[PDB]
């Protein structure tokens, strides 16, 4: 049924409010004002501000539309990383609210599980790196879970600092520098030199995914 599309317009409004106001200050009443749906629509879909937040939390993973497989698995990880930064940088609300809920110190013991969604995000990077590893794309002896944490951490640090220092104006550049310097110690040299970090391929991946 296509009112599970109004589910999408509820998450968007909810993410935007979380982004502007943080978890504690955000209210269901505000989310209802902002989305313009009905109390009964809302609750059909989500029982609490809490489940609404858990939903918004998953967006740094689940809001990126899927990407196509590439001759190099590592290029698919680049494609996903840069697509996430394109969204962040265009102010996509799901991604924005996800960043804010993740990094913002909560009121102590707000009952919100930040760990499970960050585990799923890292789990997905670990899955791609496992296929790269079996493809011979990675330097030997690397730990695929340590590496996955590094890539997510690197994205997160570059993105936050870019916010602080330029309001996200240099975001793509920074995330690209971070990711490319990380790939230099993870990719075998023959693969490294065939990876494409360009802004051009990144807008193309963006456009093709929107649809």
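Numbering follows the first chain given and starts at 1.
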(request) Read off the CA B-factors in the entry, average them over 105-113 and over 77-85, and name the higher stretch. (result) 105-113
(request) For the higher mean C-alpha B factor in the entry, choose 188-196 or 8-16. (result) 8-16
(request) Using the entry's values, work out which of 164, 175, 61, 148 has the largest Cα B factor. (result) 61
(message) Given 37, 142, 152, 171, identify the residue with the highest C-alpha B factor in the PDB entry.
(response) 37
(message) Considering every modelled residue of the chain and its Cα B-factor in the PDB entry, is residue 47 in the lowest, middle or highest third?
(response) highest
(message) Split into thirds by Cα B-factor across the chain's modelled residues, where does residue 159 land: lowest, middle or highest?
(response) lowest
